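Got a structure here, written out as structure tokens. Questions coming.
In order of appearance the chains are A, B, C, D and E, and numbering begins at 1 in each one.
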Amino acid sequence: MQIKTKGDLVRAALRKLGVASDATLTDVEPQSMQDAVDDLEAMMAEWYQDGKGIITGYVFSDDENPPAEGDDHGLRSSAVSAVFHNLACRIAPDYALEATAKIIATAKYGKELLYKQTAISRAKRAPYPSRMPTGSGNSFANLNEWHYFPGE
Amino acid sequence: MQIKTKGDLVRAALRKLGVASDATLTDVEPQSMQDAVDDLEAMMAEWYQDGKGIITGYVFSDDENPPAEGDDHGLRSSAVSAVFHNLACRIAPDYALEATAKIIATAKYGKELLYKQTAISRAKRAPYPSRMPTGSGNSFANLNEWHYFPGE
Amino acid sequence: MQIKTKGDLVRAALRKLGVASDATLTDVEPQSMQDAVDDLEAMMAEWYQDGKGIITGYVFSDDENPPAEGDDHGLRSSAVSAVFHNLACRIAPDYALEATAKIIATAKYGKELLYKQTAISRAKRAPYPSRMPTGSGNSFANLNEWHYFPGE
Amino acid sequence: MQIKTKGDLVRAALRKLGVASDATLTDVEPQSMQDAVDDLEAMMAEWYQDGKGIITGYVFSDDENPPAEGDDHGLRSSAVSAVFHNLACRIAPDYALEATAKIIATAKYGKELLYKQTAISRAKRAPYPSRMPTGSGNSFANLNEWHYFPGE
Amino acid sequence: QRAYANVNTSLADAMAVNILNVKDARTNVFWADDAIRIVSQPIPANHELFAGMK
């Protein structure tokens, strides 16, 4: 996989939007690239709500190391497409554009697949309430005076 | 994050509006920055309804410091995107523009994500009514002769 | 807050409508400023139906002090945005203009938030009817011969 | 309030319509003022149905007073906006114009707020029928031979 | 709150504390019989340990 950095993600988003690529004759300025990188960071921070959002393995760069762009994002191979499609959707406004129907559909599909596994993991069943008896079928629990489920 | 100040928030909002960004070869105007900072302060005061609104950690400046610009917003990393999208949507009518559907939807989604955790925290159950018996199964209540729930 | 006067609210409303601000090269006359202040006073008086309407703490000007503009409105920090958004909506027709959709939506949201707390406080439950017994379980009432709830 | 006379009401209505205001470059026309005052008098008379309609505090001019303009309208501070908005809506067709949506909505809102208190005051419950017994519980009335309600 | 007072004055700034035990010694212990109590419970059956133990 070639999209290894936040700069690579931003370049992929621009290529999707048709603004800049490797075959173009005019390119966007590094200030604009830095602004797009900051928008990617803001989007990932909004998604990952301090651990209670969408978990992907993204790494948030620190200000101690000067350039945020150039640090590996740390995403898995299956999240890059969704992340940079959503980035293109988010940063299309800047250039007076509007992401096309295919881009929007791919963004929605990618976000859904990103959260699918986390939703499956989080679909947990609460334990028995503190007022259930264990039942007399559990002879081992009966012999140990475990007559009610603990709860919590 | 590189967005650490009200000025960074205002610049991000103007970039999203297309009013003043590097990608459009337009610089940010101080007369457009003071107005946007005033709007941001008004919007945050309206949101944080003196403690009973959307808690965000925003730091409200005081009249003691002459320049409102330059102060850290105090926002958590998962709020900046929502805040500056909403700011762009609010300050578009100043320049008589119209924030695009992507910006409007992002502002809506970000505001909902902002209030999600506070809504979870505030979803609480009222205590037992003052007229309910405690039952005969509670050993401590039976010991203390607390036949009825405290209430209130 | 930066907005501290009725004229400050009026200037904010004009900035929203796009008619005049601190960067515009043309401006509106002080007679128009006074007319806008008069409309703001009328709208606040209409909202505050002699204390039976929307309570915001607005301080109505007196004719002994000549300039109505220049007085602190007395509004809280969370009401300025709502008040000046509705003021802009109200004074838009003066300049053969029309408030935009975002301004109208913000005006509605601000007015709703303005009345939210007053509605919560006014949502009171009437006392027991004068023909309701207090029940024989109400020991103190029965002993003091308060067999029926006190009428009001 | 700074709107204290029928002339102030008419000037506010004309400013709202855009016919004559300092926002434009037109002065209030003396012949238009008299017709607007006549329309205002007719509309107050039609509203206040000789005491069985909308009570506002408006004072009706007599034949003895030479100028209809110049008299204090006598309205409370909470009716000025409704009165002059309805006046603008009514006198718009004189100039072959049409009042805008904001003006019409404000007129409707003002009229509803004007009649709110009077509707509350008239929401009175009819007395008991003369064929209803007072019940043996009413010991005072039953001893005093008031076995039935007086009614009427 | 004053009804629970057990000392005449409070601790006011530069007051000297004196350590009452200055030489090592085996103690002697006196009390009112109800001043020391023992709380005893069985090990909860639903504990993580004691899983398949009779």
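FYI, contacts are C-beta pairs under 8 Å (C-beta built on N, C-alpha and C of every residue); 3 or more make two chains touch, one makes a residue touch a chain.
Think of the whole protein's Cα atoms as having one middle point; the chain whose own Cα middle lies nearest to it is B.
The interface holding more C-beta pairs in contact, when A-E is weighed against C-D, is C-D.
Centre-to-centre, using mean CA coordinates, chain A is 60 Å away from chain D. Chain geometry summary: the mean Cα position of chain B and that of chain C are 22 Å apart. If each chain is reduced to the centroid of its CA atoms, chain B and chain D end up 42 Å from each other. Averaging Cα coordinates per chain places chain C and chain D 22 Å apart. For chain C, no residue reaches two or more other chains under the stated contact definition.
Taken as a graph of touching chains, this assembly forms an open line, each chain in contact only with its neighbours along the path.
The full set of touching chain pairs reads A-B, A-E, B-C, C-D. Residues 29, 31-32, 34-35, 38, 41-43, 45-46, 48-50, 52-53, 60, 68, 89-90, 92-96, 98-99 of chain B are the ones touching chain C in the complex.
Chain contact summary for the complex, chain E toward chain A: residues 42, 44-46, 50, 52, 54.
Of all the residues in chain D, the ones that touch chain C in their complex are 1-3, 12, 15-18, 21-24, 76-82, 84, 100-103, 106, 110, 113, 116-117. Listed in rising order, the residues of chain A touching chain E in the complex are 140-141, 143-146, 149-150.
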